[PDB]
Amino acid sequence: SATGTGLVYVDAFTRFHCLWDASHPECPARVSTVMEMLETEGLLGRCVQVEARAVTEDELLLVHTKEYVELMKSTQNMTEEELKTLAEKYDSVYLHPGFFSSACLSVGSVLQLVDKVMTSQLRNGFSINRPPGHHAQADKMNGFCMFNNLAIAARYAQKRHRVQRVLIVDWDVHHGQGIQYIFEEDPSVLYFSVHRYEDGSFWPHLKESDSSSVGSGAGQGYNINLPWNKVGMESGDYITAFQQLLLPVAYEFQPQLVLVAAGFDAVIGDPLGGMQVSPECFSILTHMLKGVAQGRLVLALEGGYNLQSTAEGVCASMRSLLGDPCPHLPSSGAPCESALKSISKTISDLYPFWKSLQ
């Protein structure tokens, strides 16, 4: 219904895994545990089940090159040896005979929710999809990603639904450099990423993940990086960043759709992220994004590798999508010194482009 929260999940999302590393963190259990907890918590039944669809070539070509799409399509017929040889041409990816099919459904799941939200058939929605997308680039896989789910969804919203301005909020612990690159010169898609950085020590080790990368050309000012340079950030660090930096800019930008790269590798317990964000924080962060774009908010799963922590973070976000009052958080909400240093530096780099920051 018009006030409902959509949810997309298909079994195909479990039908690929790393053939040569049984301990690989990006695994089918990521999504099945999310679905099991959504059901256990009674949240799944409160959502509107939305069918997935496979992305089309023309939709992929909004972001990706024809040669790359064709190469990825050809992986469905490769032997394990051929898949490994190709995967090793990229940074931090594996391949599997079912990867391409699942990746196409992963993109399409987001597009389905964009359709329902933009036409007011639903208020908001969440795709419980893998593979993730935010590292994928125009002509290459990267960081467990084949196709850039949210970058495609943003250009799709603009082409099909005629949206003028899209905000992408990326709270995964990693920098979505793929999204940054795709929209580098584009003022119609504002990209905000908060991520572990540690002066480049943390993957993907890019100079352009620092706050000095503000976009270029017509896009100058429309790329905002908030790099953390110490581990152990908590809910108060994220909430403060949203209150001091993201919300003022978002209201000035006046987006017509908000897409969230909803990774949960910053949650306490993640084996890679190094952060200490409570899952309940994501109820608050989700709530803080519902006040722009008429609440037209679509979350899509990115990273998050502790099965329980990621499922808890998804559930906390879903409670806010469904309109349940936010929980009290035990901490005061005050940030640590390192977080404040990062927030202040990002504001210093972005102030020449946002009246709300001056």
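Here the rigid core means the biggest group of C-alpha atoms that line up within 1.5 Å when the two forms are laid on top of each other. Just count from 1 along the sequence shown to find any residue number.
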Inset, instruction - With everything overlaid on the rigid core, name the stretch, 28 to 36 or 324 to 332, whose CA atoms wander farther on average in 4 other deposited structures of this protein. - result: 324 to 332
Inset, instruction - Using the B-factors recorded in the PDB entry, average over the C-alpha atoms of 155 to 163 and of 128 to 136, then report which stretch comes out higher. - result: 155 to 163
Inset, instruction - Taking the mean of the C-alpha B-factors per stretch from the entry, tell me the winner out of 286 to 294 and 321 to 329. - result: 321 to 329
Legend entry - Selection by C-alpha B-factor (highest) of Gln254, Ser109, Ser92, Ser212: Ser212
Inset, instruction - Can you pull the Cα B-factors for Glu302, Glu312, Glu36, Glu57 from the entry and say which is highest? - result: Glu57
Inset, instruction - Give the position of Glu184 by CA B-factor within its chain, expressed as the lowest, middle or highest third. - result: middle
Inset, instruction - Compare the C-alpha B factor of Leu7 with those of the other modelled residues in its chain, then answer lowest, middle or highest third. - result: lowest
Inset, instruction - Pull the Cα B-factor of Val231 out of the PDB entry and bin it into the chain's lowest, middle or highest third. - result: highest
Legend entry - Record-listed C-alpha B factor of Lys116: chain third: middle
Inset, instruction - Sorting the chain's modelled residues by C-alpha B-factor, tell me whether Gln308 ends up in the lowest, middle or highest third. - result: middle
